Every structure is written in C-alpha cells, then in structure tokens.
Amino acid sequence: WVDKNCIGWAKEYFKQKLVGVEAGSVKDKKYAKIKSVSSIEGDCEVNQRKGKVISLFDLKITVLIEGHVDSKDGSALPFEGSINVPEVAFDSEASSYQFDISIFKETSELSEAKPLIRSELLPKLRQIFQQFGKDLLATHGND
C-alpha cells in the first residue's frame, strides 16, 4: 500500500522544467536553448520503508537543443543539438552529473557552441537536477 511508481510524474516535471532553459537571451550572437526532452528512461519509484519514504531513482535523460553562434563574419549560423546525461540519481552531487554534448551537422564554424553550452546552460541543469529529488519526495512522498 506504499510503492508508487513516478516515472510518469518525473517525465512531466522535467518536460516542464527543461524545455525553455537557455544559454543567452536569443539576441546575442552566441545563443542556445533546449528544444525539448527527447528521452527519460530509468526508474523513479517511491517506496515507503519505515518513517522514511524513499526513492532510489536513477534516470538517464536526453534533450534537444536549438541555437546559433558567432559566424565567420556578420549574421549568425544556426545549429541542431542534443545533450545526454547518463545519470540523475537519488545520491547525485551537483558535480556528479555528466553532460555529453552533441552537435548535429557540426562544422569547425560551430566551435563556440559547446563552450557556450558548458558555461551557460549546464550549471542551470545541475541545479535543476539537484532540486528534482526534493520536489519529488515533497509530492509522492507524503500520505
């Protein structure tokens, strides 16, 4: 009468939290923004053993990213992308998270994309992930 899967709720939470996060504000020459959450696999169960209700959740999350950077001269050239984080778990530390950044149809002229992602979009996802656990138990973790 306690085991409550949440793979469902987490799928909604991240979709509602990730989509929209950006590395800039559209204007800048170098800009990036997450287009959507393509995949959320793993397990997000919430068990209730003893006064403590818990979840040994371990999720693999992937998302799509839109953006444009500093072209060779004037106007900025666009790019498609994805970011894979193999593990967002109950015992993750802000720094535990790994971000595999991939650029679709990447050209030596899309160099500044990744740097832009690493220093501007990642520390946001790291804090977004750190919060997940709380907002998770805060819900499906009480009567």
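Residues carry their position along the shown sequence, with the first being 1.
Of the two stretches examined, 114-122 and 23-31, the record assigns the greater average C-alpha temperature factor to 23-31. For the pair 62-70 and 46-54, the mean Cα B-factor is higher in 46-54. Looking only at 93, 41, 87, 109, the residue with the top Cα B factor in the deposited structure is 109. When the modelled residues of the chain are ordered by C-alpha B-factor, residue 83 sits in the lowest third. Sort the modelled residues of the chain by CA B factor and residue 98 lands in the lowest third.
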